[PDB]
Amino acid sequence: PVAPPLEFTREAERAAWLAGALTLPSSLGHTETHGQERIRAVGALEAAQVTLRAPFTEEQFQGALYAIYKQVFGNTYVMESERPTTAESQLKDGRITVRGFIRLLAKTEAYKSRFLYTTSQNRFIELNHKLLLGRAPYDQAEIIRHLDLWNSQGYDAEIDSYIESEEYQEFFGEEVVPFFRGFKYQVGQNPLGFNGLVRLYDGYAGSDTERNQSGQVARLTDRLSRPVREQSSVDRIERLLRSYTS
Amino acid sequence: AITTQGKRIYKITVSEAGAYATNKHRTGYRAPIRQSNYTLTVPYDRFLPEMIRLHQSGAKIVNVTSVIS
Amino acid sequence: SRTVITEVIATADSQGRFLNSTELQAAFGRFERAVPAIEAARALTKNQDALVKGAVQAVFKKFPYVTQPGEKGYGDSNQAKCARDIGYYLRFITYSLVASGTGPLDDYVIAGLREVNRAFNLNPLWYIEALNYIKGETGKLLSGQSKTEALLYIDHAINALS
Amino acid sequence: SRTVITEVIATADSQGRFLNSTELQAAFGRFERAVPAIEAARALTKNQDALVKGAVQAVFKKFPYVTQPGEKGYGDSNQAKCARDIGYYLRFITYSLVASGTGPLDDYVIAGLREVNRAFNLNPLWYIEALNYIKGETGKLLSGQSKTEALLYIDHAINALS
Amino acid sequence: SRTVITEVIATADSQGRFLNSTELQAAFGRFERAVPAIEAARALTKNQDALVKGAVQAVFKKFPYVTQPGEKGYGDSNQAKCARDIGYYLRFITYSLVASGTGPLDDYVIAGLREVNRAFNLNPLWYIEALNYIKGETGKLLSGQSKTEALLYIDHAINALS
Amino acid sequence: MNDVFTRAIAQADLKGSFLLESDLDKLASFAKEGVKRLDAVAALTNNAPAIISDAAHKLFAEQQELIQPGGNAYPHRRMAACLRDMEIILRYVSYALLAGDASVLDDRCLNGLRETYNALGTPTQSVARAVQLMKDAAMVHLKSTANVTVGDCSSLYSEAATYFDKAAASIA
Amino acid sequence: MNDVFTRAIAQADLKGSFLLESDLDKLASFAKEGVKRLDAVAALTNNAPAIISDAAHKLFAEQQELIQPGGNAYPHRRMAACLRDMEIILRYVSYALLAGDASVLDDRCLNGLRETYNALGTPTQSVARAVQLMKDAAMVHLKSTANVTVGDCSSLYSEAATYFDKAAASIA
Amino acid sequence: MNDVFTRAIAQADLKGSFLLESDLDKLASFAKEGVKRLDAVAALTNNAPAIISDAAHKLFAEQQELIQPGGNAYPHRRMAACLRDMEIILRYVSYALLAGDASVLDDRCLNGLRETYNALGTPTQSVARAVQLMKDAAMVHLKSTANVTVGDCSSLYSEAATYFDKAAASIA
Amino acid sequence: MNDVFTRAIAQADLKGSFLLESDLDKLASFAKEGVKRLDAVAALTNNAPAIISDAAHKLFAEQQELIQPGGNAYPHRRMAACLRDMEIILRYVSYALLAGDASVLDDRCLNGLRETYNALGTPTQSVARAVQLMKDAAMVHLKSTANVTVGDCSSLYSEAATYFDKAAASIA
Ligand SMILES: CCC1=C(C)/C(=C/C2=NC(=C\c3[nH]c(/C=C4/NC(=O)[C@H](C)[C@H]4CC)c(C)c3CCC(=O)O)/C(CCC(=O)O)=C2C)NC1=O
Ligand SMILES: CCC1=C(C)/C(=C/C2=NC(=C\c3[nH]c(/C=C4\NC(=O)[C@H](C)[C@H]4CC)c(C)c3CCC(=O)O)/C(CCC(=O)O)=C2C)NC1=O
Ligand SMILES: CCC1=C(C)/C(=C/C2=NC(=C\c3[nH]c(/C=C4\NC(=O)[C@H](C)[C@H]4CC)c(C)c3CCC(=O)O)/C(CCC(=O)O)=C2C)NC1=O
Ligand SMILES: CCC1=C(C)/C(=C/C2=NC(=C\c3[nH]c(/C=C4\NC(=O)[C@H](C)[C@H]4CC)c(C)c3CCC(=O)O)/C(CCC(=O)O)=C2C)NC1=O
Ligand SMILES: CCC1=C(C)/C(=C/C2=NC(=C\c3[nH]c(/C=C4\NC(=O)[C@H](C)[C@H]4CC)c(C)c3CCC(=O)O)/C(CCC(=O)O)=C2C)NC1=O
Ligand SMILES: CCC1=C(C)/C(=C/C2=NC(=C\c3[nH]c(/C=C4\NC(=O)[C@H](C)[C@H]4CC)c(C)c3CCC(=O)O)/C(CCC(=O)O)=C2C)NC1=O
Ligand SMILES: CCC1=C(C)/C(=C/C2=NC(=C\c3[nH]c(/C=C4\NC(=O)[C@H](C)[C@H]4CC)c(C)c3CCC(=O)O)/C(CCC(=O)O)=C2C)NC1=O
Ligand SMILES: CCC1=C(C)/C(=C/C2=NC(=C\c3[nH]c(/C=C4\NC(=O)[C@H](C)[C@H]4CC)c(C)c3CCC(=O)O)/C(CCC(=O)O)=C2C)NC1=O
Ligand SMILES: CCC1=C(C)/C(=C/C2=NC(=C\c3[nH]c(/C=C4\NC(=O)[C@H](C)[C@H]4CC)c(C)c3CCC(=O)O)/C(CCC(=O)O)=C2C)NC1=O
Ligand SMILES: CCC1=C(C)/C(=C/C2=NC(=C\c3[nH]c(/C=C4\NC(=O)[C@H](C)[C@H]4CC)c(C)c3CCC(=O)O)/C(CCC(=O)O)=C2C)NC1=O
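Residue numbers (my numbering), protein chains in the order written: chain H, 1 to 246; chain A, 247 to 315; chain V, 316 to 477; chain W, 478 to 639; chain Z, 640 to 801; chain L, 802 to 973; chain Y, 974 to 1145; chain C, 1146 to 1317; chain R, 1318 to 1489.
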């Protein structure tokens, strides 16, 4: 009669005694309890969302502006010879949302100077995604759509396709400062979206600056390159051999 | 927006009554919960897509006025 | 892992700013209340085994049908895993006491709680009852301030499970 | 303007949650140590006028040319405006002491300060020397926690000026 | 099975006594010897496929008739069985390397080898010279200490066959 | 967006002079009961889901039509949102109890909710009933002398009563 | 991504040739046996939690080192991440099963995955084992003859085995 | 009878594959840090009379009813059997500690011990208490730093504790 | 980004164990003298602009080729970049000093700093020398006996010196 009465003291005793081998330290987890240290993206994930409600005060409004500049312009410095004061004032009374102010910054000449002129168009699309959306591009469907939209409808419509998009509507919306969110699994992505955001993001200290030795070359078209247009590699090989043998 | 069509921004009044609230329930809350009614301004060049978008979300408008002319 | 220290530093850095008076004030309060909290963690670490055993007992007694065969509680393995789970919760309560903040709880037990408890069909109520018990003799074990701290963290865990 | 209490309210509402252990602990530190700053503010409001004259005199000795014609300081009306400005700074420092936070100081002086100095061609060094006199004298009126709170707030104002 | 640690424990246990010094010294010798054996196992595991293919071809060279139609070797199925057999021997040699004992061989291969070779008419010389090929091939794959261990196990299996 | 201390500072700045005897007197009095207020805040935040559940059960007890089809809380999502809203108002009441000023709750939500619930079709007197139900449940949970030092917390019970009364009046 | 319909189209195109009669024959056969394919896909879909839970139970039975402290799946956030990964791989296998070709599974899921896990430090041998365990626990649901007409479906069983093997080989 | 190496080998054989890289690393790390294991086993062997005598003292002072007439360890024969059982269990715990695996313990001393004790009427609760007392008295010796080079052996302590707990929970 | 407490907690968790008594003693001693740490952080914050200005003055006096035309810091924008780098690094050293560990540096401050400087063509030796000069300018303020209580803070001085040295060595 193992335990007729209510008290379970033997079962609990043996359960506790056997739980000891279950909590033994595993193989190792020094760099594994945070794989973000391998990603080197701890700060971006632990940087909470910054918002601007309707009744907001002076405090953190400067903080909201600092977060906006640090996101939109990368870690690249922005001298107050470049900060648009009129846009900030238009934001202060809520005449424009944070989305509208970000549209303004995207259409300033500082944003263009940094990301549009010294760069190609692939790099421009990658940076537009990484800054105004938080994620890397997924495939050349996005690149082709955005490049055609640029050449056909101007930089204005090109940036609007990022700002007034559906994705920007849910994930950030009117009053949320964009954050790097491709590190966490975002629904409906390729496994290369995370890899692309990891490749674009070199660290908390680094930035995607125009004024460096490399001249701000593309980081990801090499990464995004193979899957889209290298399915026809095998037959193109026979075509190239046939051309060579002539 | 360089030409005359670009200017004359309009002021749009938007309400997010239950017809949109049910769609937000089925989709989820990913931006902080906000009041149903407010007042918004949209440029003419972007008036069509923005209003298609707000109808897509399910929000219903009250009326629109002209800030210029 | 949020602390007072880490929360302060992250808020400060999010405004590119040095630590002003108010932030150091919060850190000073944290360092002044780190004595009762470390004392409470020391007490709950002395009595880890009594707490785990009692909590397993209480879970079984309040949910007798679990241990009967054809159920999750049947078998040595699942009750060993029960005691393992309660040891996890107790360990993270002591961690949240030492770190004077719910950082360890939110990082380890509450991060992805419902999805795991759903995909393994585990019931929140079992752990709520275990934590209610641990709260029960935590009141009895700790005098005054350490009692209130430990009860704050245990109530955080319970409301996370609820 | 917010103190520790209202910044706690702000962050808890921002995350869409209640006040956890860390928030209540920081608010606890602020509540319990509100007193010494309150006697600091008492000792400062007892001695506002003496400090106004002391600060204006100190800045005038350090900047002799300011009093001479050809500069802003010349004229009794400008002297009274200097006295009013230093009185404003002292009042806002006592406001911050009572509030236990840089809120009142920050949004009543710092917000839109550099542009205003640029517009009326006011040298921030005048105010910096006046506040340095305020600190140097405050080294004697107050002792203990009250004194260090007053000096932290004066130092914050001085840093914000530079 | 039968390793150095296991033989030590079994000997100290049959006599019914605690583990005295000599047992611990043998254990230490094995523990320190385990490293060369581990990278030897790494080397053979990495070169699995090349070693198997080379052994099969050495078989079909030294015994040319076996590949003729009408004998054991003819038929893709029988070639696949030969490759599988070589993989088995190689895998158990790596097992015995890791265990630092001849246990896994004497259990999974040597135990009952002659009976099953006789039942299916399998010629022991086939595997003998295939193991000779592997023996030669670890002449270059492994050098220094671990080579002695790997050679020792290969030749122990060869001796078991013959 | 201001608490008791910052409210007093605002009045002192509008009158323009330093802060006087009596203002600092009440501010010190409020400071001594800071822990006395922290404990009430902690009780509210710890019992929040319990208070919400009890208020839901009561409100659905005396008044049934919401459960019935056609009620504003009939569908499963709508009553989920009902619990969400009642949780939010309880949270803002806890905020008001902490700071000491109704303004943070008032300006943020009291104005908007009125017209919002006009738009949605909720009978506001039911919302006020829920407010008073949480009033009662929170008083029950906060009067608990056990597990904390006793004291004359009548001031805080009265202040929470005022917060819930004003919330119920303003939503209605 | 491409189904087998658009495979036929693309191979017809890149050689500039109309689709042959024989290719139309294979694709018409694909269309006629399509209803069984829908049955298999629905079997994978409606029994997803069962398959995932069974595979997870077996996986943490075989190698306990994941769930104990210092293991990849331990801290109860990474456990949810593990289950979510398995759900994603199951979802993409069902997509490839409905389509007919592994374009979905090999483009939208498997391209950047192995080095994603290399970056995270996640063991990939365990992930491949998890995929194979899902294959085992999903064949039994796929073969369930209850509540459906009976017929031969070894073709689809081989197809799903190949897709699970493909995912496991790519990931490892 | 197994050790950790033979356990890994047998599991690999059941799978049918060569030992994985991670498993090789674990076995190599076990061998590298196995000299601490030799020290711990030598500590258990050398001090065994001390552990046994201390455990007996605390047990029989704690549980008086055993050494009373009609008690279960009353005569010299039963007392000698008691001490011999303690010694045998400690011997097999040291065996399992050297082997790094509890197979020898659960295979020679525990496959039929609860049934034997019950059929003899011996209180299994007291036997488990005796095993715990040996655990404590043996930890007091393992944690000693005299005669040896100072180092970290927390994992070895946890492992020996788990072996004592395996015995105590498979007897009671 | 981990303070001393959370680093200790992470180590304890990896060992799958509760926090030891000696570790709790370490953390209690840390939190006891934490007012000294707060004073050092307030001296690095309150006297920050003086530290940046003095360090920059000494740096540009000792090394003049930076401000020359064609120098790395020549135009106004590059001077402002210099000042913001120095202020950020002082800020992060204050952050580490308050937290107690260099986790904030290696997470945020120094995460990709060398990569940035090798991309920009900046001489990392100059930046390291600037951090050294900030060390010398900051030790003076930290050691200021005026306006604080007299007490030994050699441990804080060594800790902050190690933080500055680590920042310089990571930049270098
Ligand atoms: C049925 C046959 C039988 C006998 C006779 C017997 C004797 C016996 N001797 C014991 C040890 C002991 N025996 C003694 C006797 C000493 N006291 C001193 O005054 C003397 C110099 C000396 C006796 C001449 C003492 C002090 C212990 C205590 C050792 C301990 O605490 O474990 C114990 C353990 C009891 C305990 O630890 O409290 C027993 C039961 N046991 C049996 O089963
Ligand atoms: C703003 C500066 C800039 C330019 C102009 C640019 C060109 C460019 N050409 C592309 C592909 C292409 N480029 C070409 C054109 C080539 N193929 C034919 O053989 C011709 C001989 C030859 C044209 C002279 C074609 C046909 C594609 C499509 C490839 C494919 O879809 O597989 C792409 C990627 C997808 C797209 O078409 O948008 C870009 C971005 N990239 C830049 O950053
Ligand atoms: C300031 C923070 C805040 C509050 C307080 C708030 C309340 C709020 N509740 C709403 C809907 C609702 N509100 C209720 C609740 C009512 N019906 C009955 O259950 C009760 C008598 C009563 C509550 C006690 C219901 C049922 C709905 C659903 C209406 C619908 O889905 O169409 C709505 C309309 C949009 C939405 O669903 O989010 C708001 C704005 N929203 C906020 O962002
Ligand atoms: C870091 C924090 C952490 C927590 C909180 C945690 C809970 C937890 N307990 C588990 C095991 C389990 N837990 C239970 C339920 C318990 N056992 C029963 O005896 C009781 C009635 C009940 C407790 C009161 C069962 C039945 C299992 C194994 C069966 C299964 O997973 O389906 C599992 C699944 C892992 C496995 O398969 O072994 C998790 C995730 N794990 C963690 O790593
Ligand atoms: C981190 C959150 C936190 C907690 C948990 C906390 C508990 C706490 N309660 C205290 C006393 C007290 N606590 C209370 C509050 C209780 N009195 C009863 O009537 C009410 C049921 C209840 C209020 C709703 C009171 C009235 C005192 C006496 C101090 C006073 O006001 O004079 C004190 C001061 C020292 C002492 O115990 O004498 C602390 C620190 N403090 C905190 O900062
Ligand atoms: C749409 C296609 C797609 C896939 C498949 C995908 C996999 C994926 N799994 C992840 C996390 C993870 N996944 C796992 C699961 C592993 N742990 C154990 O070894 C298990 C055996 C095994 C599960 C099968 C773990 C532990 C993490 C967290 C890793 C960490 O925090 O270090 C992450 C990092 C983002 C996050 O934190 O959630 C990715 C990108 N991502 C995608 O976009
Ligand atoms: C509502 C969405 C939908 C479903 C679910 C669907 C499946 C479906 N399968 C059918 C027959 C069938 N279903 C199956 C498949 C089953 N038999 C095999 O033994 C397996 C147990 C299993 C597949 C692995 C087979 C073999 C047939 C016979 C058709 C044939 O002869 O090819 C039928 C016709 C019989 C009927 O209507 O009752 C339908 C509608 N079609 C749909 O439009
Ligand atoms: C004949 C039987 C035999 C024994 C007894 C033996 C002991 C032994 N202990 C050693 C080191 C050691 N011994 C220990 C174990 C001790 N240090 C820990 O703090 C505990 C107090 C205790 C174990 C619980 C440790 C930790 C090392 C150093 C291991 C290292 O990190 O390299 C070494 C390596 C050389 C040395 O440093 O002296 C030997 C040979 N070897 C043998 O072949
Ligand atoms: C985590 C916080 C953080 C850090 C640490 C950081 C470092 C940093 N310093 C930068 C520029 C710079 N920094 C300096 C200053 C250095 N060169 C001289 O030798 C000085 C002696 C020395 C100062 C100690 C200079 C000259 C540049 C501009 C270099 C260039 O434009 O080519 C840039 C490039 C941004 C831009 O495009 O303007 C970064 C990212 N950025 C950050 O967001
Ligand atoms: C903003 C919130 C706040 C802070 C930060 C604060 C600082 C502070 N400094 C203190 C004294 C002290 N401060 C120091 C540190 C100094 N020793 C000198 O050599 C150094 C220049 C310097 C540190 C490098 C020391 C040593 C004491 C005496 C108390 C002790 O030794 O622990 C005390 C204890 C009360 C006392 O005994 O005077 C506090 C609370 N007060 C506050 O309300």
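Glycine included, every Cβ here is placed at the ideal spot set by N, Cα and C.
Closer than 8 Å to chain E by CB, residue i
{"i": "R399/V", "result": "The displayed structure is made up of protein chains H, A, V, W, Z, L, Y, C and R, and chain E is not among them."}
Test item: CB-CB of residue i and residue j under 8 Å
{"i": "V313/A", "j": "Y256/A", "result": "yes"}
{"i": "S623/W", "j": "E500/W", "result": "no"}
{"i": "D1469/R", "j": "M1318/R", "result": "no"}
{"i": "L466/V", "j": "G454/V", "result": "yes"}
{"i": "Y542/W", "j": "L582/W", "result": "no"}
{"i": "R1446/R", "j": "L1376/R", "result": "yes"}
Within chain C, partners of residue i - CB distance below 7 Å
{"i": "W17/H", "result": "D1310, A1313, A1314"}
Chain C contact residues for residue i, given Cβ-Cβ distances below 8 Å
{"i": "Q1098/Y", "result": "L1165, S1167"}
Spatially closest choice to residue i from the options, by CA coordinates
{"i": "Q186/H", "options": "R280/A, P289/A, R276/A", "result": "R276/A"}
{"i": "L987/Y", "options": "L240/H, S243/H, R236/H, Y244/H", "result": "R236/H"}
{"i": "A136/H", "options": "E126/H, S232/H, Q36/H, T221/H", "result": "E126/H"}
Neighbour list for residue i in chain L, Cβ cutoff strictly below 8 Å
{"i": "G454/V", "result": "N948"}
Are the segment 1063 to 1076 of chain Y and the segment 1124 to 1138 of chain Y in contact at 8 Å, needing three or more beta carbon pairs? yes
Which ranges would you report for the alpha helix (DSSP H) in the segment 502 to 561 of chain W if only whole runs of at least 4 residues count? 525 to 539
Could I get the ranges of all uninterrupted alpha helix (DSSP H) runs contained in the segment 95 to 174 of chain H, with 4 residues as the minimum, in chain order? 98 to 106, 109 to 112, 121 to 132, 140 to 163, 166 to 171
Touching or not, the segment 1051 to 1068 of chain Y and the segment 1161 to 1174 of chain C, by the rule of three or more beta carbon pairs under 8 Å? no
Does the segment 1021 to 1030 of chain Y come within contact of the segment 10 to 21 of chain H, defined as at least 3 CB pairs closer than 8 Å? no
Alpha helix (DSSP H) segments (min. 4 residues) lying fully within the segment 1015 to 1055 of chain Y: 1021 to 1035
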